[PDB]
Amino acid sequence: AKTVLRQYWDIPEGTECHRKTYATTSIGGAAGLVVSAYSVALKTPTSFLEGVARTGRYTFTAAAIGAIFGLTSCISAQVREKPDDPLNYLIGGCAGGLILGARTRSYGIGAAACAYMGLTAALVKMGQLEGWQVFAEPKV
Amino acid sequence: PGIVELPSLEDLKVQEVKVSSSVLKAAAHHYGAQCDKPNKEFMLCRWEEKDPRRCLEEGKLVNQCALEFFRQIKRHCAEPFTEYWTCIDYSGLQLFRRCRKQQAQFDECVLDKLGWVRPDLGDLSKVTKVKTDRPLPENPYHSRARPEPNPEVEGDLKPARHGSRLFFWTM
Amino acid sequence: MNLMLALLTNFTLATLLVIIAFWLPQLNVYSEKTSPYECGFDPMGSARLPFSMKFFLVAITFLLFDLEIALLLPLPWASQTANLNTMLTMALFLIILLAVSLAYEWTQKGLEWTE
Amino acid sequence: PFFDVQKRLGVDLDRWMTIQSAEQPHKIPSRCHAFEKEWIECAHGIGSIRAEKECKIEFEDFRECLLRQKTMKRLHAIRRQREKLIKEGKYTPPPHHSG
Amino acid sequence: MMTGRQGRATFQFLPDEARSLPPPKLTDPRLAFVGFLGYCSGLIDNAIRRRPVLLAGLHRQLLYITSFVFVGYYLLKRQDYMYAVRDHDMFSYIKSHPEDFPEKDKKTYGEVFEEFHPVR
Amino acid sequence: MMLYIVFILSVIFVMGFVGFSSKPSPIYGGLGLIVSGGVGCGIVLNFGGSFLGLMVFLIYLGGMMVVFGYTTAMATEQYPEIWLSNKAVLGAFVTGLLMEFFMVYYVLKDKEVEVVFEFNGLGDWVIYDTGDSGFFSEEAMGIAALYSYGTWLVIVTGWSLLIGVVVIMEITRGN
Amino acid sequence: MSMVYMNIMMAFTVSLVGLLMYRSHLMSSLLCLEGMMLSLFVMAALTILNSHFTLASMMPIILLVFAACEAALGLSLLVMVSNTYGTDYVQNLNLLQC
Amino acid sequence: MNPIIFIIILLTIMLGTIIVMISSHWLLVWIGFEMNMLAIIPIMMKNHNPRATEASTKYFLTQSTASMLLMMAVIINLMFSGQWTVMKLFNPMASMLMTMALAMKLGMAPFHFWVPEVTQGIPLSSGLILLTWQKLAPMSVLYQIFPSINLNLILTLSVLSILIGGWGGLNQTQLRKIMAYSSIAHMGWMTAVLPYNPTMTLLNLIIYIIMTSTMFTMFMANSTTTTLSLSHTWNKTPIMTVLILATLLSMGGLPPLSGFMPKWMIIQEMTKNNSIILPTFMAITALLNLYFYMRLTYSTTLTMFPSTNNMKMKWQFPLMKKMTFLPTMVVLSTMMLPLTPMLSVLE
Ligand SMILES: CCCCCCCCCCCCCCCCCC(=O)OC[C@H](COP(=O)([O-])OCC[N+](C)(C)C)OC(=O)CCCCCCCCCCCCCCCCC
Ligand SMILES: CCCCCCCCCCCC(=O)OC[C@H](COP(=O)(O)OCC[N+](C)(C)C)OC(=O)CCCCCCCCCCC
């Protein structure tokens with residue numbers, strides 16, 4: 001995951017949106033495969049094709065969310081000519097939330113996902129600019 | 001890093017002692033009594049120098065003295081020695097027990113014709129002292145300089161200044 | 001090399017004897033001939049059914065005692081040490097604890113087979 | 001150790017087998033005795049933070065003796081090159097390397 | 001962080017160097033609070049076993065108070081020793097590395113410019 | 001070539017592991033662990049430890065003999081599964097051998113392989129020591145030091161085996 | 001890290017993957033625990049014998065001693081599981097819910 | 001079980017743990033865990049019922065697997081450093097296996113599935129050993145190998161433990177399962193501050209043990225194992241419900257109670273190391289713990305649930321349970337915040 005993230009953060013914001021969409025879609029797809037593995041392991045599918053169907057259902061939901069975020073957050077930063085703006089990630093995060101609603105067939109989850117995924121994307125962008133550390137190296 | 005230094009094939013040239021293991025074991029007790037000084041000199045060099053390249057000259061005097069040892073047996077005790085090591089050579093374990101009668105004949109020839117007295121039990125295992133002019137190696141391990149220790153902390157132990165200083169605590 | 005060749009020869013001779021046994025004789029195979037043997041009457045059930053082990057507790061204890069031979073077999077070499085007082089103390093301590101284990105199981109009816 | 005009962009009581013419970021350069025039966029040496037001794041003496045009393053950078057030379061030699069990674073790579077190159085020369089008839093091995 | 005301190009006193013409750021520090025006063029407020037916790041233990045002991053809380057077993061209540069105060073006194077000696085050692089190392093290190101702790105050039109507010117932010 | 005005897009024994013060592021790791025009837029799984037124990041003894045015995053190799057084989061021969069008795073009592077069914085009777089067992093068996101083949105194929109072709117660690121395919125003989133010992137076996141002298149040096153090891157292991165007997169009786173008492 | 005260490009470390013991984021993928025029999029999984037101990041014994045014996053670490057030569061023996069205790073302990077539990085359900089199947093061990 | 005055999009097996013559990021704490025050789029550390037598992041299982045099988053057999057078997061399978069991974073780490077560490085000392089490991093792969101082996105033993109997420117089930121399947125007294133004493137040995141090892149532990153691995157396990165422990169505890173009505181998921185969540189706080197200040201790991205462990213031992217002692221007094229069984233305590237031992245209220249509030253991290261100290265000190269060390277997002281997330285996620293502690297106070301002390309007629313017969317008998325150290329533990333688990341600077345003795 002370190003490799004893909006470094007690829008994503010090396011591409012300047014608002015440029016090469018085809019590449020950034022590839023990076024985010026990879027991150028989302030990998031997340032959907034990690035969820036499928038545990039779901040298949042802990043909730044045994046009734047048949048092999050029923051479990052391959054479940055893997056494809058979760059992996060496509062996560063890949064679509066990742067693809068829409070990178071695409072929507074990259075064109076927004078391109079049209080506005082504002083690369084270092086968390087508002088671009090807020091738009092991208094909410095779009096990913098809406099895609100989750102469509103896949104779940106629930107308007108309520110679409111609204112909630114847009115609100116919280118939008119904030120999270122904005123917070124991720126701020127941390128990149130400011131230098132926020134989630135797993136900070138010990139210093140004292 | 002660096003090139004491993006090796007002696008030339010001319011530095012390793014020496015007259016070998018081409019005698020089988022049964023010959024050496026038959027003469028071992030007398031060999032260790034006569035050739036002690038060059039032997040113990042070389043054996044001190046190996047343990048102090050820890051490098052076979054630094055003890056080649058001593059290693060040649062081991063060969064030179066072993067040859068002179070066998071030449072003296074070849075001049076006076078040729079026949080008794082041959083019978084002795086032929087009987088030791090017969091056994092799979094090269095046991096001394098089975099050749100006492102032949103050992104006695106070999107021991108008496110050297111005693112009369114050379115003055116060699118067989119070492120007693122426990123003599124050859126003694127730790128001995130050797131005089132040598134070779135200087136004692138100073139850095140046989142080629143160690144670097146050891147890192148300086150952390151500055152030691154010493155002095156009078158006074159009370160903590162204003163207590164623990166943990167948030168609002170006064171003590 | 002010698003040990004491996006000695007093993008190959010022993011198991012090659014064993015194999016060739018089996019091969020001759022199956023290919024030299026005249027065979028007349030039919031169903032009743034190869035049915036399982038139960039003294040003349042058909043077996044009542046499968047031989048693969050569970051077979052209760054009444055000495056299961058003694059069999060577990062064999063695993064623990066069989067590991068004492070691994071700890072005790074080095075004793076001939078251990079007796080060559082210069083620390084005989086320590087070596088003899090721990091040799092007897094180890095054997096004694098092996099004996100206390102036997103005494104405990106014996107007294108607690110552990111060596112008696114289950115009814 | 002979390003609680004150092006050994007050090008205070010003066011009893012050696014398990015320190016005698018922690019390193020391979022310690023006293024051995026019949027003074028039998030380990031193959032990497034010199035390398036371990038140098039790394040242990042270099043990094044004594046200076047903490048692992050400093051030893052990780054100030055005794056890096058001794059510890060890399062010690063690891064070379066333990067696993068022989070660099071020696072085997074060097075042997076591989078010589079052996080691989082010799083086959084290439086021989087495969088194209090460009091090198092005749094000497095007698096003492098064949099019999 | 002002080003586990004490997006140079007002080008070669010390992011697995012000792014109170015290293016001998018701790019005897020250079022003043023002991024806690026028997027009227028120490030921290031020691032009085034520890035003694036009070038012992039009294040609360042005495043009363044809670046009576047209540048769970050359904051005894052007159054204040055009166056029952058005065059012999060047992062005294063042993064609760066004494067046991068807490070006794071243990072508390074030594075935990076305070078070790079507590080003060082550990083903080084004394086913390087300051088000893090800190091000042092020694094600052095002395096051993098003067099370049100890392102320079103004396104800043106003093107300035108006065110008549111010389112230092114501070115931006116002014118109106119509140120209007 | 002006999003220079004690769006240790007490597008050839010280690011391939012059988014893995015194949016035996018795939019035998020019981022695929023988990024057929026424990027009767028056949030026990031056979032697989034005996035083969036691995038036998039070759040494992042061979043591998044250790046070629047590095048200079050004869051006591052260790054013969055001992056582990058001796059301990060696992062008695063270990064699987066108790067397991068055999070426990071399999072006929074508590075781990076048996078009407079049709080004990082072999083490495084071919086079940087797709088799950090057969091699938092895991094073929095997978096194990098294929099990975100063994102690829103690892104063996106690449107190490108003997110490239111003389112190297114990088115999986116977590118970096119392995120060298122020159123041959124196990126390149127790391128042996130060129131000096132001889134004295135009049136003793138170094139492995140035997142180390143094992144015999146358990147009683148002169150390992151006083152603490154003898155006590156804990158001795159106590160563990162004692163409590164082991166007490167515990168198994170307690171677990172199996174049933175009342 | 002010779003080519004022998006590859007197979008020994010692969011044997012441990014095979015037995016570990018074998019232990020983490022139960023089929024039905026508790027006895028089949030117990031064999032994988034004893035298989036893992038065998039790999040660790042061989043890997044430790046090789047390293048110790050190759051480095052001429054004399055005193056460490058007893059460690060592999062002490063490793064087998066405590067492998068038997070675990071193996072005996074695992075068998076004792078298998079007896080009680082069998083006495084309660086008539087088989088050693090792990091699917092019966094589900095009365096307790098996470 | 002013979003009382004003498006119970007005492008001997010109990011001391012063997014302690015000896016295994018004590019061997020791990022005093023050992024400086026990795027082999028002895030492994031021997032400590034093996035001795036500890038050998039003695040713990042018979043105490044789980046003491047009542048000899050199917051649920052106890054399942055709990056022991058699940059526990060044995062998990063612990064046995066972890067000990068195999070720990071031995072693999074020791075041997076790999078031996079191949080790359082040629083020494084057995086119990087200190088920082090010298091290979092990254094050895095660290096991951098040892099870290100994961102110690103995570104399985106502790107029951108940290110995602111190796112937590114056994115903790116809720118083993119605790120439910122064994123008596124309260126055996127559960128108290130499982131959730132308090134069994135944590136000393138693995139925490140002893142982490143305390144000594146933390147310099148080499150991968151930061152991402154240890155912090156990931158800590159965060160998952162705090163999440164899974166909080167969520168799992170919401171859907172539980174069994175006290176042993178509530179205490180089990182609470183334990184998993186608290187393991188996260190211990191190992192989250194480990195890379196930054198191992199002293200605060202000891203502080204949280206000591207306070208967690210005291211509070212946890214207090215809850216089991218009070219559940220043991222009334223032989224209550226369910227929420228509703230505990231809901232009758234107000235009608236038999238009213239004082240016991242107040243002590244449960246104070247302890248549960250303390251376990252939730254509410255000041256001025258003792259259980260606020262470990263959170264308060266852990267946030268301090270992480271914020272000194274410029275770790276701000278994680279302490280905030282950890283503190284907020286801990287509100288999940290405080291919710292299902294509050295739910296126990298509601299049905300235990302702050303309300304009066306329906307009783308049953310036969311309860312009147314229990315009014316005529318005293319509590320004959322030993323309840324050892326309960327008056328002392330309950331005080332230490334509630335009123336220790338004024339003595340917080342005493343955490344320096346752990347250094
Ligand atoms: C580092 C700090 C860490 C903080 C961690 C915080 C953890 C909290 C995260 C929890 C998120 C959970 C989201 C669940 C969504 C469920 C949706 C669903 O299922 O349908 C429910 C319903 C639909 O369900 P329904 O159709 O069945 O009907 C609901 C009514 N009843 C119950 C009667 C049936 O849809 C919603 O109502 C969702 C509302 C969407 C709007 C959400 C906006 C939230 C914005 C934040 C709050 C605003 C104030 C803050 C402003 C800040 C300004 C900068
Ligand atoms: C190729 C390049 C494409 C670029 C696209 C750009 C991004 C646009 C993505 C649109 C996805 C889409 O289609 O959203 C559509 C979905 C619709 O809900 P559903 O679940 O489908 O309903 C299906 C219902 N049935 C099953 C009955 C048919 O939205 C939502 O749930 C949103 C609905 C709630 C409004 C949320 C806004 C208010 C909350 C926010 C407060 C901050």
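Just so it is clear, the values below take in all heavy atoms, side chains as well, and ignore hydrogens, waters and symmetry mates. Naming convention: chains lettered A, B, ... in sequence-line order (proteins, then strands); numbering from 1 in each chain.
Between chain F and the options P60(G), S39(G), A56(G), the largest number of non-hydrogen pairs under 4.5 Å is found for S39(G). Contacts with chain G were tallied for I143(F), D124(F), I171(F); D124(F) has the most, counting heavy-atom pairs under 4.5 Å. Chain G forms more heavy-atom pairs under 4.5 Å with one residue of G164(F), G121(F), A73(F) than with any other, namely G121(F). Counting heavy-atom pairs closer than 4.5 Å to chain G, the top residue among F51(F), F117(F), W125(F) is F117(F). Comparing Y149(F), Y60(F), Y128(F), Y4(F) by heavy-atom pairs within less than 4.5 Å of chain G, the highest count is held by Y60(F). When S57(G), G18(G), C69(G), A71(G) are compared by the number of non-hydrogen pairs under 4.5 Å with chain F, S57(G) comes out ahead.
The closest side-chain heavy-atom distance from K111(F) to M3(G) is not below 4.5 Å. Looking at heavy atoms from C-beta onward, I62(G) lies in side-chain contact with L146(F) at the 4.5 angstrom threshold.
Within the model, atoms CG of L78(G) and OG1 of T172(F) stand 12.5 Å from one another, a figure rounded to the nearest 0.5 Å.
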* Start with the C-alpha distance between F41(G) and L52(F), add both sets of side-chain angles, then the distance that settles side-chain contact (heavy atoms from CB on, under 4.5 Å), and finish with yes or no. => CA-CA 9 Å; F41(G) 175 96; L52(F) 289 176; 4.1 Å; yes
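Interface remark: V11(F) contributes backbone and side-chain atoms alike to the contact with chain G (heavy atom separation under 4.5 Å). At a 4.5 Å heavy-atom cutoff, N46(F) makes no contact with chain G through either its backbone or its side chain.
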